[PDB]
Amino acid sequence: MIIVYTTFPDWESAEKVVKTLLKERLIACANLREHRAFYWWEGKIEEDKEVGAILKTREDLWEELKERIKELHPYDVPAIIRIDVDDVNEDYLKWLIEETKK
Amino acid sequence: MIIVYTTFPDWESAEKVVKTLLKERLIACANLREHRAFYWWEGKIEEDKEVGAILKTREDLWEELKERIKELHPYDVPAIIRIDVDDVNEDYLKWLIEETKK
Amino acid sequence: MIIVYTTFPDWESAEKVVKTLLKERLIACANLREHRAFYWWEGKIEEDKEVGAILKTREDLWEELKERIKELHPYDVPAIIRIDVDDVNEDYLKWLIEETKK
Ligand code: NA
Ligand code: NA
């Protein structure tokens, strides 16, 4: 399985995207929380509150998920970071597999 | 070293479990913070407040830690995700190894 | 690219360090959010509030970043954890590469 990290400008866009991903069963679930972001943007160090999102899905769904997020994401240049899970309890993995598209 | 991510329904259980893992020295440290979880429950997409926990320990203690978490976790099918640390400052790693069980 | 996780005792130090890392272009961006820490410290389980920081930068900048964080960080033995990103959307990657020093 893998985890994907992305950020949103606010909660409305975040939940909208996440729910769409769940309805299409491209992810088994997501953990969202706010954070203070500091980043470079066109010669300036911007500061802004964001909603960070941790998504859980299968490895074979990675490409389809990334492409789907690029279509739904409010940011023109969003972060879609994949981090593989080295291991996980079997019961949870089976659940994640059952919850995602066939 | 490795990081282990799991979630709890509340702070009581989260701290109780983490302090127990610390006491038995299965981990050297934990970071706890709330988040909003989204997943399928009862044929509907549910949103639920949780306490996420990031645990830090050694790779060789993974299996034992995983089993221990299963025995103590309040959820019936908790997420016990292992993510290997690619690199880290070695004075911190020395500390982590020294604080964990033989 | 890589993700670097570190923690700070307060917002003042976290913001100061992160802004310097950004002005030196050792990182393209940072996400700061609070958490409660539980860890072993010389025979006792300590409890402390912290500001966790997720840093994003290029792999080749890892060594230099770790060294700079070490020189700036308020903790004597801070956590500077590196997790490699298995994959990411190229357009986002280009932005991150462009904003970090050559
Ligand atoms: Na990895
Ligand atoms: Na909501």
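Protein chains in written order, with the deposited numbering: chain A, 1 to 102; chain C, 1 to 102; chain B, 1 to 102. All residues carry an ideal CB built from backbone N, CA and C; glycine is no exception.
Would residue i and residue j qualify as a contact pair, given that the criterion is a beta-carbon distance under 8 Å?
i, j, result
"residue 97(A)", "residue 55(A)", "no"
"residue 51(B)", "residue 79(B)", "no"
"residue 83(B)", "residue 83(C)", "yes"
"residue 20(A)", "residue 31(B)", "no"
"residue 38(B)", "residue 18(C)", "yes"
"residue 68(C)", "residue 33(A)", "no"
Quick one, which of the options has its alpha-carbon nearest residue i's?
i, options, result
"residue 81(B)", "20(B), 19(B), 57(B) and 11(B)", "57(B)"
"residue 43(B)", "24(C), 9(C), 87(C) and 43(C)", "24(C)"
"residue 1(C)", "85(C), 90(C), 68(C) and 94(C)", "85(C)"
"residue 5(C)", "53(C), 47(C) and 18(C)", "53(C)"
"residue 77(C)", "90(A), 49(A) and 34(A)", "90(A)"
"residue 10(B)", "20(B), 29(B), 35(B) and 21(B)", "35(B)"
"residue 93(C)", "59(C), 72(C) and 66(C)", "59(C)"
"residue 103(A)", "45(C), 62(C) and 32(C)", "For residue 103(A) there is no data in the structure shown, the boundaries of chain A being 1 and 102."
"residue 47(A)", "22(B), 95(B), 71(B) and 41(B)", "22(B)"
"residue 12(A)", "100(A), 74(A) and 37(A)", "74(A)"
"residue 100(A)", "65(A), 72(A) and 70(A)", "65(A)"
"residue 95(C)", "33(B), 41(B), 37(B) and 71(B)", "41(B)"
"residue 45(C)", "49(A), 29(A) and 33(A)", "29(A)"
From the DSSP output, in three-state form, read off residue i for me.
i, result
"residue 26(C)", "coil"
"residue 100(B)", "coil"
"residue 14(C)", "helix"
"residue 91(A)", "helix"
Original post:
Which residues, in chain order, does the segment 14 to 42 of chain C contribute to contact with chain B at a C-beta distance below 8 Å?
Top reply: Against chain B - using a Cβ distance shorter than 8 Å - the residues of the segment 14 to 42 of chain C are 15, 18, 19, 22, 23, 25, 28, 29, 30, 31, 32 and 33.
**OP:** Kindly provide the ranges of any alpha helix (DSSP H) runs that are 4 or more residues long and lie completely inside the segment 37 to 84 of chain A, ordered along the chain.
**Re:** Given a length threshold of 4 residues, each whole run of the alpha helix (DSSP H) inside the segment 37 to 84 of chain A is given here in chain order: 62 to 72.
**OP:** Please list the residues of the segment 75 to 97 of chain B that have a C-beta atom closer than 7 Å to any C-beta atom in chain A, keeping them in chain order.
**Re:** The residues in question are 83, 85, 86, 87, 88, 89, 91, 92 and 95.
**OP:** Scan the segment 44 to 58 of chain C for residues whose Cβ lies nearer than 9 Å to a Cβ of chain A and list them as they occur along the chain.
**Re:** So the close ones are 45, 47, 50 and 52.
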